[PDB]
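Order of the sequence lines sets the chain letters (A, B, ...), proteins ahead of strands, with each chain counted from 1.
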Amino acid sequence: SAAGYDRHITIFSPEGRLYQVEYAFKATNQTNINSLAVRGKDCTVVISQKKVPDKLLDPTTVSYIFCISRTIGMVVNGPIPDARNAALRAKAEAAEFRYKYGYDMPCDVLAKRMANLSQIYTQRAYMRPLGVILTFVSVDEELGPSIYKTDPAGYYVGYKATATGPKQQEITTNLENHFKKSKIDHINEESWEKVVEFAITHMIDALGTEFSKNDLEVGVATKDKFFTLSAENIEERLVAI
Amino acid sequence: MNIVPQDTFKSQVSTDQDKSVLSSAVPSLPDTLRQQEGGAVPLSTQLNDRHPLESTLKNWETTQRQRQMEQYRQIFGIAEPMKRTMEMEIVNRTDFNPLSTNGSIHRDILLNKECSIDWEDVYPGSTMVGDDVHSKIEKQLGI
Amino acid sequence: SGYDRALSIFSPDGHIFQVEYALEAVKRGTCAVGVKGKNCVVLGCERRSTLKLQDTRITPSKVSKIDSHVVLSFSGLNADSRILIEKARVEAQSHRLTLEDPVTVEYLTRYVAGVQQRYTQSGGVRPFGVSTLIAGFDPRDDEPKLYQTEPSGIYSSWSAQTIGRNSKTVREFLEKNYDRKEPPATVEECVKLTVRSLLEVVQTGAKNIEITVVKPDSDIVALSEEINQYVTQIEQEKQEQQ
Amino acid sequence: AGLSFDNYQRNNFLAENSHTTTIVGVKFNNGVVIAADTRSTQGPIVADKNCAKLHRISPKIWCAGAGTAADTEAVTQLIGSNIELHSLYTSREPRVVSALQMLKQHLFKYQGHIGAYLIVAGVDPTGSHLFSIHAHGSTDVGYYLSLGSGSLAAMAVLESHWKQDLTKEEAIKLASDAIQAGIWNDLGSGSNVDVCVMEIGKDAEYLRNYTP
Amino acid sequence: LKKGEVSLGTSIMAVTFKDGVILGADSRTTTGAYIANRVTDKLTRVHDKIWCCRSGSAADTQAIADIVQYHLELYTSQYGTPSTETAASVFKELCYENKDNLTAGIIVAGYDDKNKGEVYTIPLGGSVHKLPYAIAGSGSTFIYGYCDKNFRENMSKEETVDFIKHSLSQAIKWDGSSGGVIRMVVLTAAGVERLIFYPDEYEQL
Amino acid sequence: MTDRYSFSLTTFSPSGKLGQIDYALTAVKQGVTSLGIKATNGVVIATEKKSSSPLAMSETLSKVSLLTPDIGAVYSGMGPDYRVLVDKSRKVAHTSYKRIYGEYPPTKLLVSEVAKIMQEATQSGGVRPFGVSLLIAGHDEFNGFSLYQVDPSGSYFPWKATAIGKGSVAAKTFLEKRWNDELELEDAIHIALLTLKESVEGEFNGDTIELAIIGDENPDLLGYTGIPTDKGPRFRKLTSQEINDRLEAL
Amino acid sequence: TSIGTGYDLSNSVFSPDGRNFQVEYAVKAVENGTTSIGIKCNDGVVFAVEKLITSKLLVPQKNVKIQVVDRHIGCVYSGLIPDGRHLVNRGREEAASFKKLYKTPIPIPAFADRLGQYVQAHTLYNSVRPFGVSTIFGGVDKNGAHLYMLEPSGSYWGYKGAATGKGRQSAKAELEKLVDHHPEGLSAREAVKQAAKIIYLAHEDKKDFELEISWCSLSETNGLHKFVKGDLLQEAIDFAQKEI
Amino acid sequence: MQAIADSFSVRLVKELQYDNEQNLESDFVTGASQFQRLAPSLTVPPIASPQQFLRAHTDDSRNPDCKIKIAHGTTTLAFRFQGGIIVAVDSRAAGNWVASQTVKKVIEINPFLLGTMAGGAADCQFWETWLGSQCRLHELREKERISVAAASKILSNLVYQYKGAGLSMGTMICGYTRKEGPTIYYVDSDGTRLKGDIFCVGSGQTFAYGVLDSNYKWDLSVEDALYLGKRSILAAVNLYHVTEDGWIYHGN
Amino acid sequence: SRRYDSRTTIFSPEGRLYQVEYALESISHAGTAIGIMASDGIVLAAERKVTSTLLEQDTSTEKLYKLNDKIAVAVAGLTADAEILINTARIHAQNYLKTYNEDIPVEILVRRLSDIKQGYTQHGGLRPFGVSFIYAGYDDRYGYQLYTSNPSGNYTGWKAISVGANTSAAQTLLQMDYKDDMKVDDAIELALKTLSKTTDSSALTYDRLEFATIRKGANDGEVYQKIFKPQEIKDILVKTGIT
């Protein structure tokens, strides 16, 4: 635990650690929701586990996947208030980039911008980090399918395929085993439906459970647009496999 | 929703319009020695014969930011402009370096000018009175 | 105590402890004496023992000439005194420019007290740990003026006042030797009284006493060796008394 | 901060008291060519007989200007610095559209008081681009553009011999001929010809004194 | 206008028909008497099915169009596809709040599911008028009577195309600031269609 | 009132030491080792590219960044602080020197600017000191090659060879036993690879090593041809294949 | 673990477990407020408030617990009265701004998002405290009927049935029973009767009480928020009494 | 933060221009602070050339009663001697301005100082009333009578801060103090402060000055000085005698 | 006491400022610098803190700095704060030269820097500058001048002084071996002997010293500064036998 003035602000501990950032990382995994992101030949798929423990809650109003712009989609792990705050900030940043530089914002630049904001939060004493982990997925015109992730510490990096949540280790190990088996670093399917089916099967195998149409939230990013699949589409994908 | 700065003129003038350089003997008159402006610059001369572009340049970025805040308020709500202004005020208030005038890195990051250069940055900008640390401390803390 | 960690906190008994701590810091520095004569003012100061490898050519004078008719001495912190002296000189020149009339002693003392008060109105500043003695003559008559200003911003008018370390002994000597009914008519008597008062606490009066004399018409003469002559004469008279 | 307005009233007081080029751009099937003359005149007098009027914003984005020479040079240098910083920040090849946006916004900020009329050519991963920029902040897109005092003769030559599908050699020859016509028929144009050719996927080729 | 500033001496015509809207213009940019550009794209896209044409100062109109496009991107990030009325309102607010320093006039043609295609005109000064059709520019003055005599409501696509072609051909013929090709954008429910007509086509009408 | 000021976050201990700066140094010493060794015709900068769960692309995140075409830098400590400092250093290099004298700044002046920024960070009541240490290698016409180390306090020192991070003492001893006045660029690269081989706990291949050189001019990286006076970049980044080929060989 | 010492004296501090204790204390303050419920029928939303009978000196005319934001928006809250009143005022300002801009009534999801952003913005700095109110609001727009509940943390969700206050838990159970009794749908009058029944079941604390029921339906109030009239209110009270 | 939120929430008030604090204060919307500013605030047009606008809209004679009043300034002469200061003005005017008392052409700044009126009458009246208030405040603060030089310098600085704005006033501050003696200063709207012994301002200033210089002596009598002043006035009649105790009116 | 040391704007019950005292005590962890004023020149000699041979001793800019052509400074303490203050002093000297067309006197610059340092000790948001300066200069008013300034903001004038880790022993050595009629060579020898006797490492090698001398004469009567290169330091050590 912390000891001294390094309990409310972000300053160095005697061991050279920032405790508030670590506690924000702890806060990120308090939603008990796992997400997966995999890039195909010409598409990107994000699948988030959906839990509705209360039947008095409208399922259609529960969503952690946001449409930042035409081509960029975002998935947030953590509490929904900071998720929505980050979504609004990302929308504003993408629109301002498009206005100022004359072309659409790529995923990596947006991830770097959010990481710089996170660094501001981690260095300023009177500002606190957002306890959320952000994953931007798109199909950049210069780099193809792209998945990038940023954390409360201000660190961002791109992934061939990524998993997040309390049970992210098993999914990551299964993904590494699949990549070693295939050694192409991506998914060979040429249709986004097949990539969604593969992601569903991988999630089912990793978590050891079977989902319904209301237990998943799927977003697909193509070259032209990013769209979130509805309940009927997920049900069709489940019936197919 | 302005593009060119507007209402840049002053509606009224006074001898004590600048409270920071008020004379201690007569608080209703400016102190010419501490102004260090040459001693022959009445305020009236600042109302006539000005370049028609100085006001536009000195209020350009502020006008653009105000238009952006207005658009956010119209589209997103009050929370977004409130948060932007709160962050900017917090960054500005906690920085006090009397020996430099360069802006902080965090301010440039918030203003989305990390990799942008204008003539203000290239050209940021002796006296016997009022150029020490104590004057800046008094100005900062309202003493 | 719990009521001494800020300048904006009142104690239950009705005291501000930070002001008292600033006064204690003032009472740590060298002594400073101001004596008012019939038509002259004398400022005496104590200099710590000069080290062998210290340059005595440009050693600072404890008495600073704010204006051609107003002088200032201090006790406490030297750098804060420099800041206050700079501000006082700037204000004197500004007032002369604005009103064509040189500052009066009371006006300058009030300005110094106001600056010291303003530096107590915020929690982000440290008040000056300096107590000042301002001496002079108003530039329209021959009335001596001596004022004492404290870190809290309080200024008072005195006839003979001592501030600094071991000021109680000098104050008692002045009380037992100075009478307001018959102030020293001549400059020599006032200088001798100041030197004798300073000798009560100074180990060596040959090299630790500084005397400055202010007279009407804005003259201000600082005594050089002459202080040694006064010390020797006082010692001779004391031994004659013995 | 920024450009100063000091001594403006003094300059007006002194003034009241009596105290005082051919550029072409041709877009061909796989790139863009920009050519210019090489004579600098201080009025009637020829100050320099070989001057480089082709300035570089980015390794593959070049421009040539007219109007106020100091303003043109300063604006080009500032936009080049901004483009380099943007490319370093994004780790991507700069785009001509970004330079166009920066130039347009900077010129519109000063409301036409910065006199610089530019032809900007470039090649980026999205393709080849050629733009004309006015001093007030208005930009136009074209396949062949001309600028300067000899722009009418150059435009006549370009209109005479322009086609949709042009090779690199044909485009270079057309630009050289336009600059030559401007040199011969206009008093303000003379000397040699400077050319810069930019293809897709290849380094920019800068030829000074292409035709002497 | 300011000294030495480019002026948009164009010919603009927006017509509403049974299935949507069509916005057409010429392609000439002049410098008094010298044609600076024979081919220009005067049809500015503000949103996927919201287009406009500009008149007055070129720089001011371009800045206003960029700001409006940015505003509509921000709006779309929140509430989806906007309406022609919203874009017209943003244009009108920008033009009216800045009429003391900027000279700008806009013609906005849009389509949406609710309103099924609309035309708005914002002349110099900053007032917005909703009309079944609108004409603007230097040449528009020569086809007022012709357009008045030959306009019908709920025309077919080809009838509207022919009407715009004939009217713009006459405007080009009688005006020295109107150019060669005619560019038209058709906004309907199916999508966005682009048409171009050459002088050898419409000069023989 | 109590809102127009903030108390200083960095204060002196009774022993005469600044606690925040010492804690920043401690945080730096816990980071991945980064080293730099200067030769007679070049400077070599090397670092280990530690990775998260093996699904990330190591090429996307680069720990060695070009500051100017002749000056590069590497860090040990916190990534976002290094990224922010790199952006600010590039902007300062362009504003202060390129837009004034028409030339890129020399290595010492850019290092001094970075040190000034870090010192201003340590003197503020609103921000904590930076938690990185920077090794900056550059070349200039009037001073040849140079290598500098910048600490979180804003103190910069010249170095013939140095290393920071976890394995710094052992690396310093090895470089002291290896460095000589007649060393060349290839020998420096070999020594840097040998020093890194003793500090990497995992796979010592080209995918986990980032290496850059301040050598000679590179006309092929300039981007255009035609100006003999203009020269190519003097800062180059070694690819994975080149690093692997050097690893297989001596 | 309900009392985190050392990490609960400031608004924007993360605990070692990664929790904000000021927000949870605000939730605890909400749990001590009056019970308020909201139900969503086929084409409308019904709000019910159980109020305590205060002194007879109060005017029974101008004192209304249920707050009105806009003609199609109804809102109730449980917690601290000043915070809820301020939140209602902010919602009214937001709805007025949206209608003034886009010439249409503000859609319910947009209103909920704006309120959630405003509430969440108060958990970012140590100079402000989170609102101590949970707000159940709803209305009717072009897409139909919407009902939302917003927590002190700034999190909001859409609910088939929402309950807050002291007697929330049992009320929630009753609400669940409602979903287990009318899965296909529910009418507005049945919604009013069931709201009265649930309020009567969940008010067993004792001190006499009163019931306030309001509704907003397309087929009953032309898509407007109106209080239940005396006849239907008395019918609902009689039905609730008979059910017990 | 709450004030920030309020500042970003919303037309009718904006058009009324009541969103500005200065407009609210000038119309007494929220209080009487407009009458609480020791240094008065003067309104100027919000245009690029306020000075030429004011000059064009002032040099337009259309209504005789809508014009700015100008002080008489026929002939005013002031001199000093061992007995104090003698000031002499003309009681010359009718013009539809019938009044109970004669027009006062000398401003009574305080019981010890006198201010001659010339040029614009309103400027002289307003600014000398302001000067009297400043002198009274200074006397209260310093517990001493303010010197004439200090007041003249205050007025000179005040009129210099608005140089070229449109003020047209020229005054002669006359006083007697124990510190200095008898003092006369002249301050005009240009910014000139001039200490003098004999002053003559007006249309017939030349003849009066010649008469004064013909028979001027430092050592004279009060009757002789008054007769000399009256004769100099009549060469081209209110009289004031200023001594250490104050000013006494000797009009005839 | 920890009750009154957290802030820089709190007086202790005894009337002491703990932060200033801690900043003054921080000087003892830095190298030794010595300034000796001779009858015809000024000698500045500082001892480095080099712990490894890999440090570049050729770039001998660690303790001795130039403010203008006539004033030089010896630094003891944090290098970054010293660099900030040195840049400020250089800018101030250039401003004075531009304003008056005369070189700034040493005392004015020393007083300006001392005022800045004192101001940094009076604001709660600014910590004191943990540096000490030895100023050596020449001007037409007082000839040769040597000054010392500490973090508290106090400056004093001396004939021969030292600041650093061994102030007491070096001061005693200077007191025992100082004459008012010494020349520049005698001052150089005295500084070298004082550094040699008061050292932590016996081997007083060339690569651990920084030397500077300000001398009159030059062309015909000018005053010039000479910052000794390592070769010159080695030669002087060989001449004195210290090596």
Original post:
Is there any residue in residues 17-29 of chain A with a non-hydrogen atom under 4.5 Å from a non-hydrogen atom of chain B, and which ones are they?
Top reply: none
Using a 3.5 Å cut-off and no angle test, enumerate the donor-acceptor pairs between side-chain atoms of residues 40-49 of chain A and protein atoms at least two apart in sequence or in another chain.
from    : atom 1 : to       : atom 2 : distance (Å)
A/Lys41 : NZ     : A/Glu190 : OE2    : 3.0
A/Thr44 : OG1    : A/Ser138 : O      : 3.2
A/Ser48 : OG     : A/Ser35  : OG     : 3.2

Donor-acceptor pairs under 3.5 Å, chain A versus chain B:
from     : atom 1 : to       : atom 2 : distance (Å)
A/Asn85  : OD1    : B/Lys83  : NZ     : 2.7
A/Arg89  : NH1    : B/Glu87  : OE1    : 3.4
A/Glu93  : OE1    : B/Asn112 : ND2    : 3.4
A/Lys100 : NZ     : B/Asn112 : O      : 3.1
A/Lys100 : NZ     : B/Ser116 : OG     : 2.9
A/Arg113 : NH1    : B/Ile109 : O      : 3.0
A/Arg113 : NH1    : B/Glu114 : OE2    : 2.3
A/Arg113 : NH2    : B/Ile109 : O      : 2.3
A/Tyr121 : OH     : B/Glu87  : OE2    : 2.8
A/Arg124 : NH1    : B/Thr94  : OG1    : 2.5
A/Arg124 : NH1    : B/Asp95  : OD1    : 3.1
A/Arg124 : NH2    : B/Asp95  : OD1    : 3.0
A/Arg124 : NH2    : B/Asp95  : OD2    : 2.8

**OP:** Give, as side chain, backbone, both or neither, the part of B/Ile105 having an atom under 4.5 angstrom from any heavy atom of chain A.
**Re:** neither
Original post:
Measuring heavy-atom distances to chain B, does A/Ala92 have an atom under 4.5 Å in its side chain, in its backbone, in both, or in neither?
Top reply: both
Subject >> Under the ring pair (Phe, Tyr, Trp, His ring centres under 6.0 Å) test, residues paired with A/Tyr5 that sit two or more places apart >> reply: none
